[PDB]
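Structure first, then comments.
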Amino acid sequence: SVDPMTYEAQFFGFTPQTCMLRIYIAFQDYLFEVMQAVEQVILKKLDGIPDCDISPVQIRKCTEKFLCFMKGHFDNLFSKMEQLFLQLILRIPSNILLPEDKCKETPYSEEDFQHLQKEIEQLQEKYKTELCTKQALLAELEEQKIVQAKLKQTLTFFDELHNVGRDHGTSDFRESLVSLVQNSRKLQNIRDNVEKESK
Amino acid sequence: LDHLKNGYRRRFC
Amino acid sequence: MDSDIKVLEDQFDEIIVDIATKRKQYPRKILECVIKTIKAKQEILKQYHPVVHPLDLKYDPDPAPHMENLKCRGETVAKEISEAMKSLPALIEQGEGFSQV
Amino acid sequence: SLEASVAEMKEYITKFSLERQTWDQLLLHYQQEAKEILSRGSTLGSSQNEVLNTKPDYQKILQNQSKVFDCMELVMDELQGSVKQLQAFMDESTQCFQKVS
Amino acid sequence: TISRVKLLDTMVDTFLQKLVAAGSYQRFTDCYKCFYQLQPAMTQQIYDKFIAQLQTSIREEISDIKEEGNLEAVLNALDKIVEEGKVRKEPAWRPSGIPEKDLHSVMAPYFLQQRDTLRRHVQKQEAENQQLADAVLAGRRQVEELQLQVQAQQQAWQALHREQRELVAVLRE
């Protein structure tokens with residue numbers, strides 16, 4: 001029991017039961033209206049009696065009788081008609097989903113949702129590290145240019161040294177040394193022969 | 001005359 | 001009951017239509033807000049793109065004031081051992097010229 | 001049973017009360033969140049961490065150059081000594097070989 | 001379908017048929033016998049006026065509440081929503097009473113597009129970092145091979161020492 005019809009509201013915006021109450025009090029008021037009409041119409045025609053008179057207090061409770069009958073049948077029939085109203089009108093079939101909340105048709109679970117939030121934060125952090133390591137790599141390469149050019153400078157100095165050796169006659173020192181020790185050895189030998197034939 | 005039923009509870013058995 | 005049930009059912013109807021109004025039109029306003037806040041967050045994220053850490057430092061160059069000085073002494077020793085290699089075998093010829101008579 | 005029905009209704013009133021309260025709280029939450037994030041803007045385990053952690057010392061490299069040149073300098077000192085030791089011998093050799101008269 | 005409006009006019013019509021079934025004029029007179037013995041033409045005339053003004057007053061009432069909040073239009077819109085919604089037949093989602101859950105379901109798509117946008121930004125910067133680091137490794141192998149050539153020619157000039165030592169050995173008595 002006690003159906004609040006929460007989903008039947010939000011669409012209509014009034015709830016069906018309250019609406020049926022308004023309709024009830026209106027219908028009842030109209031029934032009592034036409035009964036008041038017939039009583040005050042028979043009473044004025046009732047003044048057109050000569051010879052004899054018939055009391056109005058009797059006709060009042062006469063109307064009260066017909067009206068109690070009318071409230072029995074009226075009330076019952078309005079209950080049945082009102083339950084038909086709540087069944088086939090003023091009801092979301094429970095099969096139907098409102099266009100207001102279509103995104104809830106495939107609901108995103110609490111766990112998928114929290115998972116996706118954590119993923120979002122952790123991807124913000126991941127972006128934040130990737131950018132500064134971009135800057136770290138780029139900075140290391142710009143720094144690396146300098147040592148590359150300095151080593152090219154020392155290599156330039158060695159090539160310039162072999163150039164300054166090439167000019168002035170001795171491009172390869174090692175060869176010069178091995179020939180100069182060779183002919184130094186010969187000169188030593190022949191020098192000893194000349195000093196030992198010198199006396 | 002009134003004396004009409006007032007109420008008609010909306011959501012009850 | 002009676003009048004009490006009418007007051008209670010009245011406030012109950014009010015809370016039903018109220019919570020239904022919330023259920024309907026609140027997710028749209030909240031959605032508007034969170035769309036603003038998400039655009040704002042992803043916008044302030046890109047403002048961090050200039051991280052710019054300097055790094056750098058270096059041992060700098062100690063250039064070539066003396067580099068040309070040792071290359072110049074290299075010219076000196078180069079020419080010296082060249083002319084020595086040219087003048088020594090002549091002394092070998094003077095050497096074996098005296099080895100017979 | 002009127003008692004059971006009015007009971008369920010008097011529980012629903014409080015349930016929907018708590019839900020309305022939660023809706024208002026939540027909505028104003030996202031509201032002031034958007035307000036503060038929109039008013040806030042005005043006023044290292046990354047990919048390839050090995051590449052970042054593998055960083056050879058370049059300063060020590062430039063230092064090693066500065067001492068390489070020193071080694072080279074004493075190399076040419078030893079050379080420039082050996083040359084003198086040689087043509088000293090050449091001079092005494094040519095002198096004693098002209099002493100043959 | 002009956003467009004929900006012919007259903008309500010139909011059921012209130014049934015309601016009047018059932019009410020007019022009661023007070024079947026016989027029920028009106030047999031309690032109203034006093035005054036019914038006099039002018040049974042007036043009794044039936046006033047009964048007819050009663051039944052007519054009752055049913056037309058009540059029909060004018062429901063037709064008045066059809067124009068109250070465009071109830072014809074909103075019940076017709078509900079007819080449309082019922083027609084388009086048919087083919088599902090399973091119980092649709094209803095507000096479970098937990099604002100956090102329903103708010104999760106509605107806020108989900110924008111957080112998904114947020115996730116995918118940030119993730120493709122991260123993808124871009126990650127690829128550019130792969131290229132940049134590849135260049136960095138290239139540069140460090142270049143400095144490595146450079147220092148290798150430097151020390152190579154360095155030892156090339158250090159090799160003269162042996163030749164000088166054999167010179168001094170030859171030149172020693």
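By order in the structure tokens, chains are A, B, ...; within a chain, residues start at 1; ligands start at 1, following the order shown.
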Quiz prompt | Residue list (alpha helix (DSSP H), DSSP) for segment 10-82 of chain C, as an NGL selection string | solution = :C and (10-46 or 67-82)
Could you list, with a cut-off of 10 Å and counting only C-alpha atoms, the residues of chain E near chain D, each shown with its nearest atom pair and the distance in Å rounded to one decimal, rows sorted by chain and ascending number, as a tab-separated table?
residue	atom	partner	partner_atom	distance
E:97	CA	D:19	CA	6.7
E:98	CA	D:19	CA	7.2
E:99	CA	D:23	CA	6.5
E:100	CA	D:26	CA	8.4
E:103	CA	D:26	CA	9.6
E:126	CA	D:47	CA	7.0
E:127	CA	D:47	CA	9.7
E:129	CA	D:47	CA	8.0
E:130	CA	D:48	CA	7.8
E:133	CA	D:51	CA	6.8
E:134	CA	D:51	CA	8.9
E:136	CA	D:51	CA	8.3
E:137	CA	D:51	CA	7.7
E:140	CA	D:56	CA	8.1
E:143	CA	D:58	CA	9.3
E:144	CA	D:56	CA	9.6
E:147	CA	D:61	CA	8.3
E:150	CA	D:65	CA	8.8
E:151	CA	D:68	CA	8.3
E:154	CA	D:72	CA	7.5
E:155	CA	D:72	CA	9.5
E:157	CA	D:72	CA	7.6
E:158	CA	D:75	CA	6.7
E:159	CA	D:75	CA	9.7
E:160	CA	D:79	CA	8.1
E:161	CA	D:79	CA	7.8
E:163	CA	D:82	CA	9.9
E:164	CA	D:82	CA	6.3
E:165	CA	D:82	CA	8.5
E:167	CA	D:82	CA	7.8
E:168	CA	D:82	CA	7.3
E:171	CA	D:86	CA	7.6
Exercise. Tell me which protein, DNA and RNA residues are within 12 Å of segment 55-65 of chain C, counting only C-alpha atoms, leaving out same-chain ones fewer than 2 positions away, and put them as a VMD selection string.
Key: (chain A and resid 132 to 133 135 to 147 149 to 151 153 to 154 156 to 157) or (chain C and resid 51 to 53 67 to 72) or (chain D and resid 57 to 67 69)
Dump as a short mmCIF file (atom, residue, chain, number, x, y, z; two decimals), in the first residue's frame, selection limited to N, CA and C atoms:
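Output (selection.cif):
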data_model
loop_
_atom_site.label_atom_id
_atom_site.label_comp_id
_atom_site.auth_asym_id
_atom_site.auth_seq_id
_atom_site.Cartn_x
_atom_site.Cartn_y
_atom_site.Cartn_z
N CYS A 132 57.21 17.52 -18.17
CA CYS A 132 58.48 17.94 -17.61
C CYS A 132 59.62 16.98 -17.96
N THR A 133 59.32 15.73 -18.32
CA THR A 133 60.39 14.89 -18.83
C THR A 133 60.67 15.18 -20.30
N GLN A 135 60.70 18.28 -21.19
CA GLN A 135 61.62 19.39 -20.96
C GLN A 135 62.98 18.91 -20.47
N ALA A 136 63.02 17.79 -19.74
CA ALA A 136 64.29 17.26 -19.26
C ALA A 136 65.12 16.67 -20.40
N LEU A 137 64.48 15.91 -21.29
CA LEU A 137 65.18 15.37 -22.45
C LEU A 137 65.68 16.49 -23.35
N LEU A 138 64.79 17.42 -23.70
CA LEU A 138 65.18 18.54 -24.55
C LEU A 138 66.33 19.33 -23.93
N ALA A 139 66.27 19.55 -22.61
CA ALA A 139 67.34 20.28 -21.94
C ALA A 139 68.64 19.50 -21.96
N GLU A 140 68.57 18.17 -21.82
CA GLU A 140 69.78 17.36 -21.87
C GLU A 140 70.40 17.37 -23.26
N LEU A 141 69.58 17.42 -24.30
CA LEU A 141 70.13 17.44 -25.65
C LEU A 141 70.75 18.80 -25.96
N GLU A 142 70.10 19.89 -25.52
CA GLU A 142 70.69 21.21 -25.70
C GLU A 142 71.99 21.35 -24.93
N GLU A 143 72.04 20.78 -23.72
CA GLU A 143 73.28 20.69 -22.96
C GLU A 143 74.32 19.82 -23.67
N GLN A 144 73.86 18.79 -24.37
CA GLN A 144 74.72 17.81 -25.02
C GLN A 144 75.42 18.39 -26.25
N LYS A 145 74.75 19.33 -26.94
CA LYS A 145 75.40 20.08 -28.01
C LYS A 145 76.76 20.62 -27.59
N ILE A 146 76.87 21.12 -26.36
CA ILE A 146 78.06 21.85 -25.94
C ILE A 146 79.26 20.91 -25.83
N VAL A 147 79.07 19.75 -25.20
CA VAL A 147 80.17 18.80 -25.10
C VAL A 147 80.50 18.22 -26.46
N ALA A 149 80.43 19.86 -29.30
CA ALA A 149 81.27 20.85 -29.97
C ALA A 149 82.64 21.00 -29.32
N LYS A 150 82.74 20.77 -28.01
CA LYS A 150 84.04 20.89 -27.35
C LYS A 150 84.94 19.71 -27.73
N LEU A 151 84.38 18.50 -27.79
CA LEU A 151 85.16 17.37 -28.28
C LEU A 151 85.55 17.58 -29.73
N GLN A 153 86.27 20.34 -30.82
CA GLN A 153 87.36 21.31 -30.75
C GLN A 153 88.69 20.62 -30.47
N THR A 154 88.71 19.66 -29.53
CA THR A 154 89.96 18.95 -29.27
C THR A 154 90.39 18.14 -30.48
N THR A 156 89.73 18.91 -33.49
CA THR A 156 90.27 19.94 -34.38
C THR A 156 91.71 20.25 -34.03
N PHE A 157 92.03 20.28 -32.73
CA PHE A 157 93.41 20.56 -32.33
C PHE A 157 94.35 19.44 -32.75
N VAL C 51 56.67 24.45 -18.17
CA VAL C 51 57.33 23.97 -16.96
C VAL C 51 58.70 24.62 -16.82
N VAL C 52 59.46 24.67 -17.92
CA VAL C 52 60.74 25.35 -18.05
C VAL C 52 61.63 25.15 -16.83
N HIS C 53 62.27 24.04 -16.77
CA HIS C 53 63.34 23.98 -15.78
C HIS C 53 64.67 24.31 -16.46
N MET C 67 97.00 26.38 -26.43
CA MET C 67 96.90 25.34 -27.45
C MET C 67 97.81 25.65 -28.62
N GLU C 68 97.77 26.90 -29.09
CA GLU C 68 98.66 27.31 -30.16
C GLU C 68 100.11 27.38 -29.70
N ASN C 69 100.36 27.49 -28.39
CA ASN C 69 101.74 27.49 -27.91
C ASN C 69 102.37 26.10 -28.00
N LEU C 70 101.65 25.05 -27.59
CA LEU C 70 102.22 23.72 -27.78
C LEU C 70 102.18 23.30 -29.24
N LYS C 71 101.24 23.81 -30.04
CA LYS C 71 101.34 23.47 -31.46
C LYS C 71 102.51 24.20 -32.11
N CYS C 72 102.89 25.37 -31.57
CA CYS C 72 104.05 26.07 -32.11
C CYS C 72 105.34 25.37 -31.72
N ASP D 57 78.11 11.72 -16.93
CA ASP D 57 78.64 12.96 -16.37
C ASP D 57 79.46 13.68 -17.44
N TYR D 58 78.96 14.82 -17.91
CA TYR D 58 79.65 15.56 -18.96
C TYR D 58 80.74 16.46 -18.39
N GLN D 59 80.52 17.04 -17.21
CA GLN D 59 81.55 17.85 -16.56
C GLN D 59 82.85 17.07 -16.42
N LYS D 60 82.77 15.84 -15.92
CA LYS D 60 83.97 15.02 -15.81
C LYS D 60 84.60 14.78 -17.17
N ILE D 61 83.80 14.80 -18.24
CA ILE D 61 84.35 14.65 -19.58
C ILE D 61 85.19 15.88 -19.95
N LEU D 62 84.65 17.08 -19.71
CA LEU D 62 85.43 18.28 -20.03
C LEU D 62 86.69 18.36 -19.16
N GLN D 63 86.59 17.95 -17.90
CA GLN D 63 87.78 17.86 -17.05
C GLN D 63 88.80 16.90 -17.66
N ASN D 64 88.33 15.73 -18.11
CA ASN D 64 89.23 14.76 -18.72
C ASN D 64 89.91 15.33 -19.96
N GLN D 65 89.22 16.21 -20.70
CA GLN D 65 89.90 16.93 -21.78
C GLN D 65 91.00 17.82 -21.23
N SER D 66 90.68 18.61 -20.20
CA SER D 66 91.66 19.54 -19.65
C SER D 66 92.93 18.83 -19.19
N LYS D 67 92.81 17.60 -18.68
CA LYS D 67 94.01 16.86 -18.30
C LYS D 67 94.63 16.09 -19.45
N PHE D 69 95.07 17.41 -22.38
CA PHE D 69 96.02 18.38 -22.92
C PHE D 69 97.29 18.46 -22.08
#
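Every protein or nucleic acid residue with an atom no more than 12 Å from residue 29 of chain D, counting only C-alpha atoms and leaving out same-chain residues fewer than 5 positions away, appears here: residues 29, 30, 33, 34 and 37 of chain C; 22, 23, 24, 34, 35 and 36 of chain D.
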Need the shell around residue 170 of chain E: protein/DNA/RNA residues with any atom at most 8 Å away, counting only C-alpha atoms. Skip same-chain ones fewer than 5 positions apart. Format as a PDB file with N, CA and C atoms, in the first residue's frame?
ATOM      1  N   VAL A 181     116.508   6.550 -35.242  1.00  0.00           N
ATOM      2  CA  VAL A 181     117.227   5.618 -34.380  1.00  0.00           C
ATOM      3  C   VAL A 181     117.975   4.601 -35.224  1.00  0.00           C
ATOM      4  N   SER A 184     120.862   6.383 -36.571  1.00  0.00           N
ATOM      5  CA  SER A 184     121.695   6.701 -35.419  1.00  0.00           C
ATOM      6  C   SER A 184     122.512   5.484 -35.006  1.00  0.00           C
ATOM      7  N   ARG A 185     121.911   4.296 -35.095  1.00  0.00           N
ATOM      8  CA  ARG A 185     122.607   3.057 -34.769  1.00  0.00           C
ATOM      9  C   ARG A 185     123.735   2.783 -35.759  1.00  0.00           C
TER      10      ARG A 185
END
